[PDB]
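Here's a solo chain for you in structure tokens, the form deposited in one PDB entry.
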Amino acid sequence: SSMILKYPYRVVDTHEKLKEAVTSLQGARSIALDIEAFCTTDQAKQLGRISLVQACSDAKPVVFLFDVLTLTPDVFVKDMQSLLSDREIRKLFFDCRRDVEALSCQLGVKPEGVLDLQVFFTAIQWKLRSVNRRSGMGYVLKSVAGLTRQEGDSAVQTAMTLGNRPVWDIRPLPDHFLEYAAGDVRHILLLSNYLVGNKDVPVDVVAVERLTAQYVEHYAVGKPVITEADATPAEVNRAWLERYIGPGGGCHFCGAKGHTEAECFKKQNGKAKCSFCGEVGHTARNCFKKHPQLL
């Protein structure tokens, strides 16, 4: 878990390095994936030109940064297609919608065996609280693993937030861009250890796989997606949650949707609080301090 965050990045920008990277990823059970794309003038939904594809698997302690721009999409696809198409190797994503659209549109490939960890988290929230909101990476790492992320380089982040320039076109890439690019795939693989193969997780992995497959089918159609699967960008389709995860949950104490019994203020505020000694759990009439004859 802690070891994954210390994986160094290896830039893959030659045919020789690509063949070696493929060989490693071919022996994996799970591969975390992400993309860095050109920032657009529109700042649109559809990702710009693919610059990097980031990969980090369980087979080797390393983050591959595939320079798709240098290699070209044709070279990258020829060596990575069957790997991406192999359903026996799980492809991990954190919000896969735009990435899947980009892989379909720009690279001509639809990945198989996809698991979307953002959707996984929302599916847990649906099961327990009838909440269909998508949460950011920082929130999910905190909530699931207890970690607080460092946060990205601010000059890198400001350049992306401005969106007046491609940013990821420039070669060679400076180290603080390469480190920024490598960050999310480390976090994704780390999250999979907490969410996948864990009996305390109240949703089955196969159910989230099938829910993720609906996203992949919707977003990998060989062309730009006009109609979104979700009502707003920061939520998950409720009918899809109903179908693949089941009914939404709620508080077992007060009956309300939006929180669990462990978070319930009505439960905690409703407990007996001793007016004489202040302790929760008994009243003053049953207090041993106030009434030592009881002890």
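Heads up: residue numbers just count along the shown sequence, starting at 1. In this text, the rigid core denotes the largest set of C-alpha atoms whose superposition between the two forms falls within 1.5 Å.
Note that the form deposited in another entry isn't included here; everything after this is about it.
For the listed set 43, 26, 70, 260, the sole C-alpha moving 2 Å or more between the shown form and the other one on a rigid core superposition is that of 43.
In the core-superposed comparison between the shown form and the other one, residue 285 has its Cα shifted by at least 2 Å. In a rigid-core overlay of the protein, residue 274 has its C-alpha displaced by at least 2 Å between the shown form and the other one. The distance between the CA atoms of residue 43 and residue 65 is at least 3 Å longer in that other deposited form than in the form shown here. The gap between the Cα atoms of residue 286 and residue 263 is smaller in that other deposited form, by no less than 3 Å, than in this form.
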